[PDB]
Structures are given as structure tokens and as C-alpha cells.
Amino acid sequence: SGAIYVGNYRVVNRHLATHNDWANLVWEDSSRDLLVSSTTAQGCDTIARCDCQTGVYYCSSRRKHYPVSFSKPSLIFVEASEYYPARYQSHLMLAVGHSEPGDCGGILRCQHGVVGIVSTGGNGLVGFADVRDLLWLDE
Ligand SMILES: N#Cc1sccc1CC(=O)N1CCC[C@H](C(N)=O)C1
Ligand SMILES: [Zn+2]
């Protein structure tokens, strides 16, 4: 679990969105596993606007932060789950690192701010949904 709070927005994994998130929906994209809902309180996270390929992510299954090198956002095949059939997930970045399903929502950060959130994993890899291209999150 986990979310990004920036301005009057809350960014979460679409497969983990709540009834309140869907009732206050701003935007959602199944192909990215992202959902953004509106909030009544101000968010203070800073979104990174960069092409960093190194950063640190929070891994709840280990209660630890890990430094990682990660790939540029791209279309990557993702095995079927109870949330989606087998498909290509877009704007996804992979890194070599530990992740378990409950790890979704952990933030990936670089020196410039929030890069994305954990969205996929397995076999010693971790995948992050990028949020750096969502320029509207800041206005
Ligand atoms: N094992 C393992 C890990 S680590 C983080 C998530 C997972 C499981 C995982 O990859 N998914 C299940 C939930 C939906 C995800 C998606 N974006 O389609 C796919
Ligand atoms: Zn950066």
C-alpha cells in the first residue's frame, strides 16, 4: 500500500483504489495501473521532472529503503492477476530488487523528488509506475 499526495491530488495504484478514490476520480489509466483522486487537504510531495535512472525506493516487505538503477518508462508484458488479464503495462520502469504484492504503492525517489510508485514485481525484479510525465499534477 501507499500513495503520493501533491496539491489537491492523491495518486495510487489503480488496482488498490478505494470507493472514495473512485467517487472523487480525476483520472485513471488501466494500462498504467494508475488512479488519481481529489483531496480536501493540501499535499506537499514534490514530483521529479527529469530523466534520472537511479533513485531509492521504499520496500514494505523488508521495512527498508533500497538504492536502485531503473529502466526508462516503457511497455512491458505483465502476467495475469485477479486485477488484470495478461497485458502490456505502459510507462513502467524495472529495477533489480526485492518486491512482494503488498509492496505496491511504495515510493521511488531521486534527488529531484517523487519518480513513481511500485506496481509490479517478482523473480528479483521490481517495477515502478512512472508519474514524471503527469505535468498537470502541479497545476
Ligand atoms: N510478486 C510480486 C509483486 S511485487 C509488486 C507487485 C507484485 C505482483 C504483481 O506484479 N502484480 C499483481 C498486482 C497487479 C500488478 C499489475 N501492475 O498488473 C501485477
Ligand atoms: Zn531525477
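- Structure determination for this PDB entry was carried out by X-ray crystallography, with a resolution of 1.540 Å recorded in the header.

**Description of the packing of aromatic side chains**
Argument step 1. Overall, the coordinates contain six aromatic pairs when judged by the stated rule.
Argument step 2. Seen from their ring centres, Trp27 and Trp136 are 5.8 Å apart, and the 75° between their planes marks the pair as edge-to-face. Residue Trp27 is found in strand β2 (residues 25-29), and its partner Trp136 is found in the segment after β10 (125-130); the two are separated by 109 residues along the sequence.
Argument step 3. On the numbers, 5.3 Å between centres and 70° between planes, the contact of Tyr57 with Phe128 is edge-to-face. Within this pair, whereas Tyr57 is found in strand β4 (residues 54-59), its partner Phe128 is found in strand β10, the two being separated by 71 residues in sequence.
Argument step 4. Residue classification places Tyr57 among the buried residues on the basis of a relative accessible area of 1%.
Argument step 5. Residue classification places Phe128 among the buried residues on the basis of a relative accessible area of 0%.
Argument step 6. An aromatic cluster is built from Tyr57, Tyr66, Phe70 and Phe128, whose rings are joined through pairwise contacts.
Argument step 7. The ring of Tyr84 carries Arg87 above its face, with NZ or CZ at 3.7 Å from the centroid.

**Points about the site of ligand 1**
Argument step 1. Near ligand 1 lie 15 residues; those nearest to it are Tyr84, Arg87, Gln89, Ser119 and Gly121.
Argument step 2. Here a nitrogen atom of ligand 1 and a side-chain polar atom of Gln89 are 2.9 Å apart.
Argument step 3. One of the backbone N or O atoms of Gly121 is found 3.2 Å from an oxygen atom in ligand 1.
Argument step 4. Summarising the interface, the protein chains cover 86% of the accessible area of ligand 1, which totals 460 Å² for the free molecule.
Argument step 5. Those elements that provide at least two residues to the shell around ligand 1 are β7 (87-96) and β9 (113-122).
Argument step 6. The element that contributes the greatest number of residues to the shell around ligand 1 is β9, accounting for four residues.
Argument step 7. Residues that form the shell around ligand 1 fall into these classes: five nonpolar, seven polar and three charged.

Thresholds, definitions, all that
Residues numbered from 1 in each chain as written, not as in the entry; some residues may be left out. Chains lettered and ligands numbered in written order. Heavy atoms only, no water. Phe/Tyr/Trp six-rings, centres within 6.5 Å; stacked < 30°, edge-to-face > 60°. Helix = DSSP H or I, 4+ residues; strand = E, 2+ residues; numbered from the N terminus. Buried < 20%, exposed > 50% of the residue type's maximum accessible area, 1.4 Å probe, protein only. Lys NZ or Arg CZ within 6 Å of the ring centre and 35° of its normal. Near = heavy atom within 4 Å. Polar contact = N/O pair within 3.5 Å; in protein donor to acceptor, adjacent residues only side chain to side chain. Areas by Shrake-Rupley, 256 points an atom, 1.4 Å probe, with all protein chains shown as cover. Nonpolar A, V, L, I, M, F, W, Y, C, P; charged D, E, K, R; others polar.

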